[PDB]
Amino acid sequence: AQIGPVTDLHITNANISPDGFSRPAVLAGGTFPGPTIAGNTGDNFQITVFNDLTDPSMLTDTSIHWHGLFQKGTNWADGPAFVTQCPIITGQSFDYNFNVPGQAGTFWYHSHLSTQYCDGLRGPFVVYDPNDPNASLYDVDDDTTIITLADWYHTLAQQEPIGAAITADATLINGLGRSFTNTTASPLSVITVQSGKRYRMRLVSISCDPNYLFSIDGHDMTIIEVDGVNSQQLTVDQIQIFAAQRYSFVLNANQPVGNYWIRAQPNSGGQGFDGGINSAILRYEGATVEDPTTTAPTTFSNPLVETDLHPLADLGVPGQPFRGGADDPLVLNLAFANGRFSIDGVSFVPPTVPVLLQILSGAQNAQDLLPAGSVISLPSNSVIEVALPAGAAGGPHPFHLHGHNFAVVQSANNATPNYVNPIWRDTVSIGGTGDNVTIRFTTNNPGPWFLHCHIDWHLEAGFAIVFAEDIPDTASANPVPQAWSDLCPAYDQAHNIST
Ligand SMILES: *[C@@H]1O[C@H](CO)[C@@H](O[C@@H]2O[C@H](CO)[C@@H](O)[C@H](O)[C@H]2NC(C)=O)[C@H](O)[C@H]1NC(C)=O
Ligand SMILES: *[C@@H]1O[C@H](CO)[C@@H](O[C@@H]2O[C@H](CO)[C@@H](O)[C@H](O)[C@H]2NC(C)=O)[C@H](O)[C@H]1NC(C)=O
Ligand SMILES: [Cu+2]
Ligand SMILES: [Cu+2]
Ligand SMILES: [Cu+2]
Ligand SMILES: [Cu+2]
Ligand code: NA
């Protein structure tokens, strides 16, 4: 069952064996992935998070981010540790109480402390639309049509060297899959469909690192949503999905009753499908209970290309139709050396006092804010352009902005910008050497918003900056509850930190 919009959520340690290998984990709701949190557009969510963690090897503190929800007026509930809150300590709880006006689509939630989400704290978050403009395109849309793609590691995250090329041991589809080495025939996930029906498949990357080449043998996929943003219908036979992205696609159950492989090939780790790695099963009602015998093509003739996507609504692009045609045009210098990433010459290391608390305490320009050189102020009610030229090692890097979605004016692997009708989204691959992926948005949401690569190992190695949007209005826009004001004193006391 789905939970929410008002619910408790307990965070616990437990052993799990999703690929046949047992290891301890950090779990929401006792499962991997965690339960789906759901509601309708405009609802009040009150997710009271109970930190019941006791195993220090995966950190006993926690903090949860609601990925892609704008948090307008509730910046304190966004979740990134040391940006909008101090962590919740073990044996305590915290009510994330926020609203979702003007958003409907497919989201997710995850730990936003260190690399803790890799250790298991990740799950879907769906905001349904009772008047969805795409409703007539399918018959079924429920918890059974969510498809999660996850990387899974046998080594615990706090034992992964910082700045290393860290590689997974299994791909998990809906929580199950097989290990790349020492492969055992452990159970595969089954997605069941009825011949003739149409399904809104909500494809969610909960990855800590790899991108996946996702396809379904014999089937094609009609994209209708991108990171929460309704799209024009785009039919493809493969989707390359980067960490933290989401798509909804219509699956027409229009092939002969039978079993079909669902494939998710990561860019690192095990290549191919030997032994049923990187796989799940699409089963039609009435089919024999047996593995598929289907083949992938050698090449995919209609892969997703990001410039083919266009919004369903007339969203346009803010600003003027040329590079630098914005009120505040930025170009970030994104670099890697010696195990650490940097943005504009500064490697991110979380501050002792959360950025939001520094601003509420009176620090009111970005040079007064810590970490020094890691906070850029943005002016209010202004068009912002951010160019993100690629080349730093470890690519392709999926950059994500909190508090906002954005127009993708220039996409990976294509030098031509689009100032007319590009897709809007919240996490974007910045591509390869020589690319100049560029995003635009308008500043109508005061608060400190993290900008970072969503490969969690890269964030941990410093690939982040904070946009302090409309510092002067942050305090009046974001009144804080007493329980939020209590977090930093409790955390600092528990960890013997002075501030
Ligand atoms: C990516 O595009 C940005 C503009 O959005 C380019 O920025 C210009 O860079 C040159 C130096 O390289 C400066 O003289 C300009 O002031 C910048 N802003 C402009 C022209 O509007 C950036 O060079 C591009 N990067 C790549 C790798 O193509
Ligand atoms: C490279 O990106 C550009 C810009 O998004 C794409 O150009 C558009 O192509 C569409 C589809 O044919 C035309 O309707 C638009 O007028 C083009 N816009 C511009 C500004 O040129 C282009 O198709 C992409 N290249 C590839 C190979 O997909
Ligand atoms: Cu996220
Ligand atoms: Cu986010
Ligand atoms: Cu990265
Ligand atoms: Cu983040
Ligand atoms: Na415009």
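In its metadata, the entry names X-ray crystallography as the structure determination method and reports 1.35 Å as the resolution.

**Observations concerning the site of ligand 2**
In the region of ligand 2, the neighbouring residues are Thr307, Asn414, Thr416, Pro417 and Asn418. Measuring from an oxygen atom of ligand 2, one finds a side-chain N or O atom of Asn414 at 2.3 Å. The protein chains hide 34% of the 580 Å² of surface that ligand 2 would expose on its own.

**Regarding the UniProt feature "binding site: Cu(2+) 2" (unreviewed entry) in the protein**
Residues given the UniProt feature "binding site: Cu(2+) 2" (unreviewed entry) here are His67, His110 and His454. Annotated residues spanning 388 residues; largest pairwise C-alpha distance 11.7 Å, indicating a single compact cluster. Mapping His110 onto the fold places it in strand β7 (residues 105-111). What makes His110 buried here is its relative accessible area of 1%. Examined against the element boundaries, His454 turns out to sit in the loop between β30 (447-453) and α2 (456-460). When its relative accessible area of 1% is taken as the criterion, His454 is described as buried.

**Topic: the domain arrangement of the protein**
Under the domain assignment, the protein is made up of domain 1 (1-133), domain 2 (134-313) and domain 3 (314-499). Each of domain 1 and domain 3 has a C-alpha centre, and the two are 21 Å apart. Each side of the interface is counted separately: domain 1 has 31 residues, and domain 3 has 41 residues. Together domain 1 and domain 3 conceal approximately 2,900 Å² of surface at their shared face, both sides included; 63% is due to carbon and sulfur atoms. Remark: the boundary between domain 1 and domain 3 carries 20 residue pairs in polar contact.

**With respect to the coordination of the copper ion (ligand 6)**
Donor atoms from the polypeptide that bind the copper ion (ligand 6) are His112 (NE2), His402 (NE2) and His452 (NE2), placed at 1.9 to 2.0 Å. Taken in chain order, the donor set of the copper ion (ligand 6) reads H-x289-H-x49-H. For the pair the copper ion (ligand 6) and the copper ion (ligand 3), the metal-to-metal distance amounts to 5.3 Å. Within this pair, whereas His112 is found in the loop between β7 and β8 (122-128), its partner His402 is found in the loop between β25 (398-401) and β26 (406-410), the two being separated by 290 residues in sequence. On the accessibility criterion, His112 (7% relative accessible area) is buried.

**So, the site of ligand 1**
What surrounds ligand 1 is the set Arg323, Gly324, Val331, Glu385, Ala387, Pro389 and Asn436. Residue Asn436 places a side-chain N or O atom 2.3 Å away from an oxygen atom belonging to ligand 1. Here ligand 1 has 580 Å² of accessible area as a free molecule, and 39% of this is covered by the chains.

**Concerning the coordination of the copper ion (ligand 5)**
Taken together, the protein ligands of the copper ion (ligand 5) are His397 (ND1), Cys453 (SG) and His458 (ND1), with distances of 2.0 to 2.2 Å. Counting residues between consecutive donors of the copper ion (ligand 5) along the chain gives the motif H-x55-C-x4-H. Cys453 gets classed as buried once you look at its relative accessible area, which sits at 0%.

**Looking at the sheet that holds strand β14 (residues 221-226)**
Overall, mixed pairing links the six strands, which are arranged β10-β9-β12-β17-β14-β15 in an open sheet. If you trace the sheet from one side to the other, it starts and ends with β10 (170-173) and β15 (229-236), each paired once. Each strand axis lies, on average, 25° off the axis of its neighbour in the sheet, ignoring direction. Bridge analysis of β14 against strand β17 (residues 246-252) gives four bridges, and the strand direction is antiparallel. Looking across to β17, one finds that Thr222 is bridged to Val250.

**A word on the packing of aromatic side chains**
Per the stated rule, a full pass over the model turns up 19 aromatic pairs. Ring geometry for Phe98 and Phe125: centres 6.4 Å apart, planes at 25°, overall stacked. You can see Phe98 sitting in strand β6 (residues 93-99) and its partner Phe125 sitting in strand β8, a full 27 residues away along the chain. A ring pair is formed by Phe336 and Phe341, whose centres lie 4.7 Å apart and whose planes are at 55°; its orientation type is tilted. On the basis of relative accessible area, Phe341 is assigned to the buried category, the value being 2%. These aromatic residues form a ring-pair network of at least three members: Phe45, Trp66, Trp76, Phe94, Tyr96, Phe98, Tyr109 and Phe125. Taking the ring centre of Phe273 as reference, the NZ or CZ of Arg263 above it sits at 4.5 Å.

Analysis parameters
Residues numbered from 1 in each chain as written, not as in the entry; some residues may be left out. Chains lettered and ligands numbered in written order. Heavy atoms only, no water. Residues with missing side-chain atoms left out of burial classes, pairs and counts. Near = heavy atom within 4 Å. Polar contact = N/O pair within 3.5 Å; in protein donor to acceptor, adjacent residues only side chain to side chain. Areas by Shrake-Rupley, 256 points an atom, 1.4 Å probe, with all protein chains shown as cover. UniProt positions renumbered as here; feature names shortened; annotations may be inferred. Helix = DSSP H or I, 4+ residues; strand = E, 2+ residues; numbered from the N terminus. Buried < 20%, exposed > 50% of the residue type's maximum accessible area, 1.4 Å probe, protein only. Domains from an automatic or database assignment. Contact = heavy atoms within 4.5 Å. Buried area = accessible area lost by both parts, 1.4 Å probe. Donors = N, O, S within 2.8 Å, 3.2 Å for Na, K, Ca; no water. Pairing = 2+ DSSP bridges. Axes fitted to C-alpha atoms, helices over the stretch in contact; angles between N-to-C directions. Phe/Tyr/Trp six-rings, centres within 6.5 Å; stacked < 30°, edge-to-face > 60°. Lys NZ or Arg CZ within 6 Å of the ring centre and 35° of its normal.

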